[PDB]
């Protein structure tokens, strides 16, 4: 955590205090797909020639 | 119009060769289907002829060095130079179709649907020579005349080898025609039948012509079927 604080204000020694940082982020553990049960095939040969 | 027609039938002797043909009509063979199913009545079958053009390694480990065949796409006809024909290949083949996966018929799926066939040809590989069929007019009897429906025909007997095709009145008689398949004699001869149920009032007044055709022997007999006129 100190590294971001040091490079945020563009110095090396920073005066005593508290400074804003980034916020906690959560990486998605899964990426699911949810589609209805559809098996029918669109007839496009009748649509094209 | 779209039809698979077999052609190029003739007599084959042991040590000879012959060029069969399956011609597609309507659809060009350049981008169409051809599956050569070999059928022997009563038992299992087998698909053998492995010719998908481009000439690479695709063959079945049963007919190595026997069945040779060529490709001709623009003429819409394929020829089968079936060399080294064995005498134990008595079967009538059929060139047919299939289904793959590309076009609108399949977007998701597998395919494999033989759906359009030919009519087949009758080629017999026999060591002995061909013999002209004998046509014997089976005349109506008194019971057939008095029974309302007369039964008449012409027996094809003692012809070797196959085939014999029987037609009635050069295609002018179709109702009641029923063809009884050939019999396998103990000596190897064949005998078939063709009976048409006709009105009894048409006996004598209406001529009954049976056309018997044998292509390997190239004999056509236009036999007259007449009643018993003693």
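In order, the residues displayed for chain A correspond to 295-343 in Swiss-Prot numbering, which applies throughout.
Cβ coordinates are placed from backbone N, Cα and C, and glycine is handled just like the others.
Swiss-Prot lists A:323, A:325 with the feature O-linked glycosylation site, giving experimental evidence as the kind of evidence. Under the heading N-linked glycosylation site, Swiss-Prot lists A:331, A:343. Here Swiss-Prot flags A:319-335 as region 'Disordered'.
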Long-range neighbours of the region 'Disordered' (A:319-335), counting only residues six or more past its ends (CB under 8 A): none
Assigned element (helix, strand, coil) containing residue A:325 (O-linked glycosylation site), judged by DSSP: coil
Candidate nearest residue A:343 (N-linked glycosylation site) in space, where candidates are the glycosylation sites A:323, A:325, A:331 and distance is Cα-Cα: A:331
Count of other CB atoms lying within 10 Å of the CB belonging to residue A:325 (O-linked glycosylation site): 5
Rounded distance in angstrom between the Cα atoms of residue A:331 (N-linked glycosylation site) and residue A:325 (O-linked glycosylation site): 19
Cβ neighbour count within 10 Å of residue A:331 (N-linked glycosylation site): 4
All-chain count of other Cβ atoms within 10 Å of residue A:343 (N-linked glycosylation site): 5
Cβ atoms near residue A:323 (O-linked glycosylation site) (within 10 Å, other residues, all chains): 5
For residue A:343 (N-linked glycosylation site): DSSP state (helix, strand, coil): coil
